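Chains as they are written, first to last, in the working numbering: chain A, 99 to 135; chain B, 15 to 77; chain C, 12 to 113; chain D, 11 to 87; chain E, 92 to 137; chain F, 1357 to 1449.
Think of the CB as a built atom: it goes at the ideal place given N, C-alpha and C, for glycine as much as any other residue.
Here's the structure we're looking at; comments come further down.
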RNA sequence: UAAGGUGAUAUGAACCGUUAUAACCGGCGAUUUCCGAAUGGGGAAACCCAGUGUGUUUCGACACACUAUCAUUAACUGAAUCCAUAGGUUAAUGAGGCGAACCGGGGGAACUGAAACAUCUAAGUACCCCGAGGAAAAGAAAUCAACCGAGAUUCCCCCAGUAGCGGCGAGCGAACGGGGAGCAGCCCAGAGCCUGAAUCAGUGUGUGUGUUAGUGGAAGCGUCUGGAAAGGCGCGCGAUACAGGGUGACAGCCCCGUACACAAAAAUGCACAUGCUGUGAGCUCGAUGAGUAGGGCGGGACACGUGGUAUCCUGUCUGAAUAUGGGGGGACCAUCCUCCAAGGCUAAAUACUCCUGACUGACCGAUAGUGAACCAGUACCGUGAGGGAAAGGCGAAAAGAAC
RNA sequence: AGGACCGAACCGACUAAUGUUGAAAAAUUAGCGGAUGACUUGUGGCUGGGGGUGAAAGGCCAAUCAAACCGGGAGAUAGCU
RNA sequence: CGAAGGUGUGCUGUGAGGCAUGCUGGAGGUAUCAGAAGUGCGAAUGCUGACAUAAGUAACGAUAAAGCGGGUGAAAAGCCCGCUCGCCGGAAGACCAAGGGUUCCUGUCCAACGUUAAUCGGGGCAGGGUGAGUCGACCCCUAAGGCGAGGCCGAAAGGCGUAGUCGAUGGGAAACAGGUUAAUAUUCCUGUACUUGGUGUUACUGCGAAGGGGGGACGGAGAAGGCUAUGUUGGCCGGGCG
RNA sequence: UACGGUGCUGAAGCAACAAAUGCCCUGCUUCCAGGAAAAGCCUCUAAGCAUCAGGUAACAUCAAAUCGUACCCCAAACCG
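Here it is, written out as structure tokens:
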């Protein structure tokens, strides 16, 4: 359980996805930034 | 029994070789694994005794 | 070699049995000895449903250290240290203090 | 590989320097040509990959002495 | 959805197996580092 | 022929179970654990010459070892080989 | 060596042994499946499939041995072609692969610094590759010095952050000379005289010493607290031994040891001596390293970035003199001094620690010290290269809790 | 006959709603396009990092792509927090 | 006759601090004066472990659906048996390949795992279980492609490649019906078969290749024709007359 | 009948019609986009061997080794 918890905390450490906050969290930040311009 | 095996001929260590394997070794594996054979040390002493006969047989034959 | 050995009579120097004599039952390669009637522990063991079931509190002897015993002289009647001399190619033990071969 | 079989000339390395002195790596190559040498003592043509000064040293030392050197150092011709 | 690891034993071995690490200079250096690090399984064989 | 030194090392134990038992008491076959590298000619010859019976045919499977564990320490057992030795009409053992 | 043993978790069962053929320790042997350079062919490592020969008193099937490639040498064969070479077959010898650092060589960055950046730096570093040894490399002046002299190479302390080099920026940075460690010189290019003359190398033997098992090894009791004494108190003894560890709390005298004195059937390392084989001393005379030195062009190494730049190395084109000669002495010339290139060998001082032993620490003590005190390069993660944990402590003794 | 027509398997992904600490690190449901072809699919193979491949989007190259991943130079450098 | 540590109290110094002592603890501590520092943490979206908070809150993973009786049990919505009800039925059935690797079957246990309970389980523990001349692999042959003696090439490592040698996803010999185990079956058993090699005898006889020829040997679409699997209906047979 | 089943016995076992995307069919027709290889298999001989060896046919006899075989496999067992 401890090994699975360390690896499953280590899941989104090297991500790329920009529309999702922290790799996973859905948001509207594309529209927020885009409307700020 | 180490000098005793050392003082025979090659033919006679082949005889007691085949009798260590034949009479002793096989009948004690069959007797051991079929619930019989209270005396388990016989397996060990037979096995080492075949090691002695093959040792002296290699030493007697040639080098 | 070993100073205290198997069929030998010793006295106990330290603890719970200080001054009690007794014969060495066996001698364990931990550097301990079991000496009869000496280090009595009150084990209590379970009556296993296999071969015979004693149950109860069995009073065994425990292993004391080899350094906690010394062999009993019986010519002086006290504890005595052991040395090793050679006599006729035999490495014999001997009592110190009267120098007697055991 | 580009080794003269007589003189043993490997390609060496160096720099293209420019007017601004920018160092760049380059290789200097030997003038290796594959020439076919008549040996009179054996009555044969032995073809070698010589430099263009392996031919100078063959013209001076003679082809027999050179082949004795290649056979001496285990260079197979 | 079709994930990346679609297993095949024959491609596992032809690709990353021992006879294929030993087949070249750099795979032998791989095995040398796995032995030197001291590793229970060197390649992936079985 | 097969040498007798080889031919003694092949048979290893009689196999006791209920499939083995019904094979004996119903279809003449004795089931026995053999050497892992023992071929069917070796098992046939070794039952011909070590229990002095007449063997009709041998069928050999290989049984795979089970991954057990002690405490939190795993381990595979060990593969063995099992020979279904079909005897002829005249047999005892 | 031995009275106890059959490795651990891990108890049992079945036994072996007690004065010597239990067990344990060491020397030398024997066996040493399969994979792996893997080597008979193949292959998805630990598997599949052979060929050849020898033998097998049921030789309708078994057992054993050999069969890889390459290099070198030899034998027998052998084209286009006559001779012959290429090639082919067989045999003998050697190699191949792994390994932590040190060493030599072939290649060789960039981030960075220059408060940007391109010359420069980083740096001939990282890394890749080849090769070798217990060390390697270098080495016996075509070297300095300076009108006096020194005398091979290597390493250390100065010289000296000096002279110099330097977008004369950032930076790079000597030598001469001095003090030490260590010290060793030789051979071929070549004939005669003369022989085994020193020399080493390979081996036998003998001696000495060391390694691989070991042996002996001093000297204490009473009483109080206490679960227990090695502690307190009192009185003794050892010490070439009060290094250390254990023992129920803190032991010189309880145990193992320590100081000290001894021990090897066998295998070995080193050093002398000696037998044989190979090898050559020494004398006279002669020779005394040519596509080489030097040059032109391009590049590199020298602290030295082409600059007034000596010197070394060479990719390319050339090209001498050869002891009435030639190289160097920091452009260059003359005078003077010094040395003999274009062949080679050479110990010691030196560098390093995969590995073994002993000892030591104003090093750590379980979030520290190794990633790893514990079955850790494990679990686990990743296709893979690779990444990579956490987790010690009952008690003096399991007496580990019968009922 | 047909890069023919309608339409299942099969390949795809146009719209909407849900979902958005999901049942799911891209789906479900209802409709939707192709559906004998420049189709689709299984098994094996080949191409590799300034390189591949690209009916071209800077797309894709192991949930990573205006230059992959791992290890190293490496404690890069950081007049900034 | 009780150290360090832990936890209280009392006294004391301007402060960091010091001193004494009760209880826990159970074996170490160290004056003074010097010496050396991994020498003092509340912050670094610090690192590691522990524990809160929201909070007994959202959720408990397809809206295919359950109801009752009986059994076992300490306990039954969930397990077993029965009767009903619903769902899939070109699949939510059956058989494999790939992949996994004992999950299979039986007995036994309910700690943890199972988003609840569990007597149940793909969970724990033990035992059992996989039978081949004909199925598949190995094997013979090859495609793409790999490797490659020599060889050509390349600073080195190495690139390419001839002979060759490997490489299926392709070509190549042969078994079917019935029965059986809790668990295997074209493998076991019953019946009836077939294939390829070795050896021996007998009769006839020209055999012989990393060589020649054939064959293997192979496209898309379409169209019918002849069949069969299979199904439907009648006949037959057994049973029912509700 | 350890109610789980276990043995024994066992009638008819036909015809018509419909009918595949399976088989004849690796066929047939057609079309351009023109559709693997090598072995087994059958044949021909060369070098050689030639009253031998080998080939063919019948019969008999021996052999056919080794490894896989459970179980899931559109899934609670594979990749997620």
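Is the CB of residue i under 8 Å away from at least one CB in chain B?
i	result
residue 1406 of chain F	yes
residue 1443 of chain F	no
residue 1449 of chain F	no
residue 1410 of chain F	no
residue 1376 of chain F	no
residue 1394 of chain F	no
residue 1398 of chain F	no
residue 1368 of chain F	yes
residue 1364 of chain F	yes
residue 1361 of chain F	yes
So, at 7 Å on beta carbons, what are the nonlocal neighbours of residue i in its own chain, with the 5 sequence-adjacent residues on each side left out?
i	result
residue 1451 of chain F	Shown here, chain F extends from 1357 to 1449; a query on residue 1451 of chain F therefore has no answer.
residue 86 of chain C	109, 111
residue 67 of chain C	55
residue 17 of chain D	61, 63, 64, 67
Does residue i pass the burial test, meaning 16 or more other C-beta atoms within 10 Å, or should it be called exposed?
i	result
residue 88 of chain D	Given that chain D is displayed from residue 11 to residue 87, the structure contains no residue 88 of chain D and the question cannot be resolved.
residue 74 of chain D	exposed
residue 124 of chain A	exposed
residue 58 of chain C	exposed
residue 73 of chain B	exposed
residue 1398 of chain F	buried
residue 95 of chain E	exposed
residue 55 of chain D	exposed
residue 1439 of chain F	buried
residue 1441 of chain F	buried
residue 40 of chain D	buried
residue 77 of chain D	buried
Consider the Cβ of residue i: report whether some Cβ of chain F lies at a distance smaller than 8 Å.
i	result
residue 53 of chain B	no
residue 17 of chain B	no
residue 43 of chain B	yes
residue 71 of chain B	no
residue 59 of chain B	no
residue 39 of chain B	yes
residue 65 of chain B	no
residue 47 of chain B	yes
residue 35 of chain B	yes
residue 32 of chain B	yes
Is residue i near the ligand ADP, with its Cβ less than 7 Å from a heavy atom?
i	result
residue 136 of chain E	Looking for the ligand ADP in the displayed structure turns up nothing, as the structure carries no ligands at all.
Go through its chain and collect everything with a Cβ distance to residue i's Cβ below 8 Å, but skip five positions before and after it.
i	result
residue 105 of chain C	93, 94, 95, 96, 111, 112, 113
residue 37 of chain D	21, 22, 23, 24
residue 49 of chain D	55, 56, 73, 74, 77
So who's on the other strand from residue i, going by DSSP bridges?
i	result
residue 1370 of chain F	F/1388
residue 26 of chain D	D/34
residue 1417 of chain F	F/1438
residue 112 of chain C	C/105
residue 73 of chain B	Paired residues: none, contrary to the question.
Please list, in chain order, all residues of the same chain as residue i whose beta carbon is under 6 Å from its beta carbon, the five residues on each side excluded.
i	result
residue 44 of chain D	59
Do the region 45 to 64 of chain B and the region 49 to 56 of chain C touch if we need at least three Cβ pairs shorter than 8 Å? no
Should the region 27 to 47 of chain C be regarded as contacting the region 68 to 82 of chain C, the criterion being three or more beta carbon pairs within less than 8 Å? yes
State whether the region 53 to 64 of chain B contacts the region 26 to 43 of chain B, with contact taken as three or more CB pairs (one from each stretch) at a distance under 8 Å. Yes: at least three Cβ pairs fall under 8 Å.
Kindly confirm or deny that the region 19 to 27 of chain B and the region 63 to 70 of chain B touch, where touching means at least three C-beta pairs closer than 8 Å. yes
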